[PDB]
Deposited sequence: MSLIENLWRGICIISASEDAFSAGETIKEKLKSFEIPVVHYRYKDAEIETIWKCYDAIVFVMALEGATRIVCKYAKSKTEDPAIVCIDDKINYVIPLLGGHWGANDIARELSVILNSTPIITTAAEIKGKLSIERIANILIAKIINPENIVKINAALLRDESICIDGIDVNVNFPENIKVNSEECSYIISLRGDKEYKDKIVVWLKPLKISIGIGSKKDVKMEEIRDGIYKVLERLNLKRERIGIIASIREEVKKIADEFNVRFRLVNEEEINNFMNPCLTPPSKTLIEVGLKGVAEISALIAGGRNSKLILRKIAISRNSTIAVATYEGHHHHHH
C-alpha cells in the first residue's frame, strides 16, 4: 500500500487543542502499521524544512488554514509531499495536494486506518528514482520522460530484479528508465538510474537482541524491496551488531557517542517530548551527502532501525 511506501514518513501538524488530540490519535494508529510518523504542534513547526523531509503531511485543522499553508510552499509538482487535511473530529480526509502522484490513495488508505471518510474531488522520474532508491544520472532527459509519464504513455523500467508494483504503462517502449549498465537502446529516450546501496543504522539497548535485529533487517529489505546485495553498511553503537553485519557479509561501523552528540541533519526524527541512534548511525555510516530513506522504525522497545543512502 502506498501508505507503507511513505518511507520518510508522515508529518501531522495541528494548530488547536482539539486538533492536537486528534493528531495524537492519528499518530498512534499510524505507528500500528509501522508508518513512520511525527506529530508537531504548529507552534513548533518549521514547515519549510518539514516540506523537504517527509513524504506526506497531514494538517489537522479547518481546511481554510491548511490551504493557506499549502499555498506558501507548493512549488514542485514532481517533488512536493502529498498533503491531506483532516478535521479535528476526524470526520474527513481531504487530499489538498498531490492528486497527481498519490494523494487520493493516501487519503483513502488513511481513512481506512482511521475509520473516517475520504473526500475525493501518475508519477515523475524523481519519484520513481526515490522509490527504487536510485540516483538519476542524466537529468537532461528528465523533462521528456515526465511529459510522457503524465500522458500515461508506455515507459519501460529495465534491470529491476525485484517485483515492484507500478502503474500499468510501466512495463518491466519509446521511453526507457534503465538500471542496466550494459544495454543500449537504439531509437529510445533513456534515463539511466544508478541503484544506490543502503546504510542501515541500529539503535539498541546494551542487551543486543540479535534475532530481533536480524528479523528487523529482513523486514526492512522486504519493506524497501531490496536484496541483501544492496546493503553497503550496517552501523550501531553496540559492537555486538557486528556479528549481524558478518551474517550479511557487509561492513560494520561502530559509532561512538562523541559522534552522535555532534551530528546534525534537519530531517531527523525529533526526541519524544514524552536517543536518535538508528537515524544518526545510518547517516554517518552512509557518508557525506547520505540522505535518510527510512525514517526510524521500532522493532520493539529495545530496538530501532533506520536506513540512509550509502555514498
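Unmodelled regions of the deposited chain sequence (numbering from residue 1, in sequence order): 1, 123 to 129, 181 to 184, 287 to 292, 330 to 336.
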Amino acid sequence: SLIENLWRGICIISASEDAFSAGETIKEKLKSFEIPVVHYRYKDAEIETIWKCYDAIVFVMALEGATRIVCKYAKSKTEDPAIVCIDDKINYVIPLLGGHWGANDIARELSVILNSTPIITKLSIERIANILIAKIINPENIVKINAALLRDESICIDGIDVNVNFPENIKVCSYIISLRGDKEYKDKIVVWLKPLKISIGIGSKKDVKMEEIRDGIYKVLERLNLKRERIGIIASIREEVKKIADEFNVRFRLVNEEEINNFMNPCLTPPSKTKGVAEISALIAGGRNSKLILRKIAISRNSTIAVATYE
From here on, numbers count along this sequence of modelled residues.
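Higher average CA B factor: 260 to 268, of the stretches 260 to 268 and 49 to 57. Between the stretches 177 to 185 and 130 to 138, it is 177 to 185 that shows the larger average CA temperature factor. Within the listed group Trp192, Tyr92, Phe166, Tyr218, the record reports its top CA B-factor for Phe166. Comparing the C-alpha B-factors of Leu224, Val143, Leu110, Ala82 in the entry, the top value falls on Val143.
Looking at the C-alpha B-factors along this chain, the one for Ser116 belongs to the middle third. For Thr274, the recorded CA temperature factor ranks within the highest third of the chain's modelled residues. In this PDB entry, the Cα temperature factor of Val162 sits in the top third of its chain's modelled residues, the highest group. Residue-level temperature factors show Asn104 in the lowest third of its chain, judged at the C-alpha atom.
Among the modelled residues of the chain, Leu63 sits in the middle third by CA temperature factor in this PDB entry.
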